[PDB]
Each structure stands twice: as C-alpha cells, then as structure tokens.
Amino acid sequence: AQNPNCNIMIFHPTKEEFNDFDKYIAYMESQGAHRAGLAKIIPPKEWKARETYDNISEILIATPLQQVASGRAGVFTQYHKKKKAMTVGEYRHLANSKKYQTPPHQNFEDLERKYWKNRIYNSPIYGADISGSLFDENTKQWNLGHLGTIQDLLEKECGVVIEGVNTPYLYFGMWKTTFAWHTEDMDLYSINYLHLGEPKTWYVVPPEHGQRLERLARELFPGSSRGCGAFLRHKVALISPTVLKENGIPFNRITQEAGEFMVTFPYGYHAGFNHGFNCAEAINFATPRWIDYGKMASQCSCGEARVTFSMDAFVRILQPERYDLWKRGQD
Ligand SMILES: O=C(O)CNC(=O)C(=O)O
Ligand SMILES: [Mg+2]
Ligand code: NI
Ligand SMILES: [Zn+2]
Numbered sequence: 011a012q013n014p015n016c017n018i019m020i021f022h023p024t025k026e027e028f029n030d031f032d033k034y035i036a037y038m039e040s041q042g043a044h045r046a047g048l049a050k051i052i053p054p055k056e057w058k059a060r061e062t063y064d065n066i067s068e069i070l071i072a073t074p075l076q077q078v079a080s081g082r083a084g085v086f087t088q089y090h091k092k093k094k095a096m097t098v099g100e101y102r103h104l105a106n107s108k109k110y111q112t113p114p115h116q117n118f119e120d121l122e123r124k125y126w127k128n129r130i131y132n133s134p135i136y137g138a139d140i141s142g143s144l145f146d147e148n149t150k151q152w153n154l155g156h157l158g159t160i161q162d163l164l165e166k167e168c169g170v171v172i173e174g175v176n177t178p179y180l181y182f183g184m185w186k187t188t189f190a191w192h193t194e195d196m197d198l199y200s201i202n203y204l205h206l207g208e209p210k211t212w213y214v215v216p217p218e219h220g221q222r223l224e225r226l227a228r229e230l231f232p233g234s235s236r237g238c239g240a241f242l243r244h245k246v247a248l249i250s251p252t253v254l255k256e257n258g259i260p261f262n263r264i265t266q267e268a269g270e271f272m273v274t275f276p277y278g279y280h281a282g283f284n285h286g287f288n289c290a291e292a293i294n295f296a297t298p299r300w301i302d303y304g305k306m307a308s309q310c311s312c313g314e315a316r317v318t319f320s321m322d323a324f325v326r327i328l329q330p331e332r333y334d335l336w337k338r339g340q341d
C-alpha cells in the first residue's frame, strides 16, 4: 500500500505532465496521495495563472464576513457577521491596517503559535465564496474555470443526466481568517490555487481516520452534536493541533504559498488559517473514485448548512432515501 503513514505528498509536475488534469490526479492517487486527505502541487516553472494581478482592486466583496470566535483558545466556534460591501482595494487596505495586519514573527511556526494563542481574541474579516475566476481564459493547464463538471462526471459514470453547474469561487483572506473543520459538500474533492499574497496553513485528518475526528468533535461540542448529526457541515468548529494531539487524532499540517495548488480528497477533514492578505480560488470536482463517497456522505438535516442548487441533484440521485428529509432541511 502506497503512503501507509498518510503523509501529505508534494508533487512537481513537468509542463508535459501538467497537460492532462484527470490523468495527474489518477497518478497522485497511484502514489497514495489521497491517504493524507490533502496534497500540494507545485506548478511547472513555465506555467502562469495569468499575466499580472494589477487590475483586481475593483472586484467587489458584496458580503464580507467578520469571524467572531467563542470558547477557549484550543476549542472554539466561530460565527459570521455580515458586513457592508467593499472592493478588493478597500479590503486589502483594511487587511494591511494596524488593527488587522500580520504581527511580527520569526517563521511560520512562530506565527502558528500566535494564531492559536491569540485567534479567539480577534475578529478578522473574510471575503468568502465569491463566484468568479482569476485564471486567464488563455491559460490551458489547470485552469479552475475550465475543469470538467461534476454533473458530466456523474453522467459518464452512472448514465444519468442532471441539472446543475459547477463554477469556481474566490476567497480574499487576511491574518487570522479561518476555515473551520470540514469535508467538502457530498465529500467531493476540492482544488485550491493561491493566486497571490501571504500564505495559508492547512491541517488535515486522513480519510481513513475521519470518524475519529467526528467522535472527538461530538465530545468537544456536545450541544452542537445533539442539534445535528452532521454539525461539522456548518463549518463553525475549530480544534487546535495541541488538542488533536492530546486526544490522539492523527493529522498533518502544511503551509501553502502563493503560486501553489492544494487538492483535498474525498472525506479528508481539513481546517486552517491565512497568514495575511491573500486571494485564493477553489472549486469542487469529482473522479470515478468519488462516487462511492458521494453515496455515503453525511448530510446536515437540521437546516443550518443550507447548500447549493447543484447539491440537490447529487442527493436526489446518489442518496434517494435521504432525499425527502434532506430537502426538508433545505426548504
Ligand atoms: O481557502 C479556504 O478558505 C478554504 N478552502 C477549502 O476549504 C478548500 O479549498 O477546500
Ligand atoms: Mg478590478
Ligand atoms: Ni474545503
Ligand atoms: Zn445541521
């Protein structure tokens, strides 16, 4: 079995190997990359996502989210407070202000220590889930706006034609902006490209150990657990690496820098934080190996997680028994 310790693998494809996305994901899995739940892909030196970032300040963040923490340093929840719209130029100026900027630090490890010691005492503002793409339409390789769709994958594998579309989203981050512990909708893969700026630290639990994370989360957030059998779908729970170690949860960590891709694998729980002002683009995707994860994926039926038009059809075809009760939570 490849990668039995479930380490995060880092790949360095050639420009020739960067031409066929599906075949390279399949290659990564042949090397055991999926066992970690997360892999890093450094693009070939000749590749570029676009020519420059000079003209991005007029993108609008229509609903910036202030992330307000509650709890103890190692175990907290966050809620998202809606703020007034601002442009990317405005947001970058805010990220760089004395109140919100990245503090002095020695290295990524010192900064991680400061995050966990200090995250809960601050409320950073995140521009999340903005529909759109920063890939140049003439970038042919690994262009997240030109991938094959999950709906076409389901048609090719299962023969059924469904409604829905699959498009990318932009994330503008600042120091301490946080992604809570989650797997993707319907336990899909995700791919994430850090277009510019400061890094993003990721934590991940191997898919084969996801249930151990879930069990700890039920113990750590007991009221949440009673309210919904899949409350991690709400994307509000943070658990520090120290707390995971104290409870014997297997995980790994890695820092993504500008110009690198991360891929999350089906049922790979992940969480993390941004080091400073940055802009990432991400999209979900499927492969043939995903189908069985999609069939088994948990769902939020308390109604909090409230998900896309396209996810309907996935639940409808792959989880027909759930379909009824799940759409009661989504309507
Ligand atoms: O970039 C972020 O804030 C979070 N991204 C992901 O969870 C992802 O790409 O799967
Ligand atoms: Mg602009
Ligand atoms: Ni994710
Ligand atoms: Zn729920």
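The deposited numbering applies: residue 11 is where the sequence shown begins, and numbers increase by one.
The beta carbon of each residue, even a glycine, is placed where N, CA and C say it ideally should be.
| Item | Value |
| --- | --- |
| Looking at C-beta atoms only, is the number of pairs between the region 277 to 292 and the region 141 to 152 that lie closer than 8 Å three or more? | yes |
| Between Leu206 and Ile293, is the Cβ-Cβ spacing less than 8 Å? | no |
| Within its chain, find whatever has a CB closer than 7 Å to the CB of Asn132; leave out the 5 residues flanking it on each side and keep chain order. | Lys186 |
| Give the single residue among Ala72, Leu335 and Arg338 whose Cα lies nearest to the Cα of residue 6. | The requested residue 6 does not occur in the structure, where the chain is confined to residues 11 to 341. |
| Listed in chain order, which residues are found with a beta carbon closer than 5 Å to a heavy atom of ligand 4? | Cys238, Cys310, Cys312 and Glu314 |
| CB-CB under 8 Å to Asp32, same chain, minus the five flanking residues each way: which ones, in chain order? | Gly158 and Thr297 |
| Say the cut is 7 Å; is the CB of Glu68 nearer than that to a heavy atom of ligand 2? | yes |
| Are the CB atoms of residue 414 and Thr193 nearer to each other than 8 Å? | The displayed coordinates of the chain run from 11 to 341. Any statement about residue 414 would go beyond what the structure contains. |
| Pull up the distance between the alpha-carbon of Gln111 and that of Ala46, whole angstroms please. | 32 Å |
| In terms of DSSP beta bridges, what is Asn262 paired with? | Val214 |
| Would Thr211 and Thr274 be called neighbours here (beta carbons separated by less than 8 Å)? | no |
| Any chance the region 51 to 61 sits against the region 20 to 35, with 3 or more Cβ pairs inside 8 Å? | yes |
| Can you tell me which of the three DSSP states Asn288 falls into? | strand |
| Who pairs with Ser80 in a beta bridge, going by DSSP? | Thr87 |
| Do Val246 and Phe182 come within 8 Å of each other at the CB atom, strictly closer than that value? | no |
| Go ahead and pull the three-state DSSP assignment for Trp191. | strand |
| So, for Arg60: in the same chain, excluding its five sequence neighbours on each side, which residues have a beta-carbon less than 7 Å away from its beta-carbon? | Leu144, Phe145, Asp146 and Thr149 |
| Is it the case that the Cβ atoms of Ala79 and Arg123 are separated by a distance below 8 Å? | no |
| What does the alpha-carbon distance come out to for the pair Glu256 and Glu165? | 44 Å |
| Would you check whether ligand 3 has a heavy atom nearer than 7 Å to the C-beta of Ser200? | yes |
| From what residue to what residue does the alpha helix (DSSP H) around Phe118 run? | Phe118 to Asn128 |
| Report the residue from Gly278, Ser311 and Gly313 whose alpha carbon sits nearest the alpha carbon of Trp300. | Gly278 |
| Taking the alpha-carbon of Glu267 as reference, which of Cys312, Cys310 and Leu204 has the nearest alpha-carbon? | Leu204 |
| Let me know if residue 374 comes out buried or exposed under the rule of 16 or more other beta-carbons within 10 Å of its beta-carbon. | The structure shown does not extend to residue 374, since the chain is modelled only from 11 through 341, so no value can be given for it. |
| Could you tell me which residues DSSP pairs with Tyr279 in its beta bridges? | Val215 |
| When you measure from the CB of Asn262 to every non-hydrogen atom of ligand 2, does any distance come out below 7 Å? | no |
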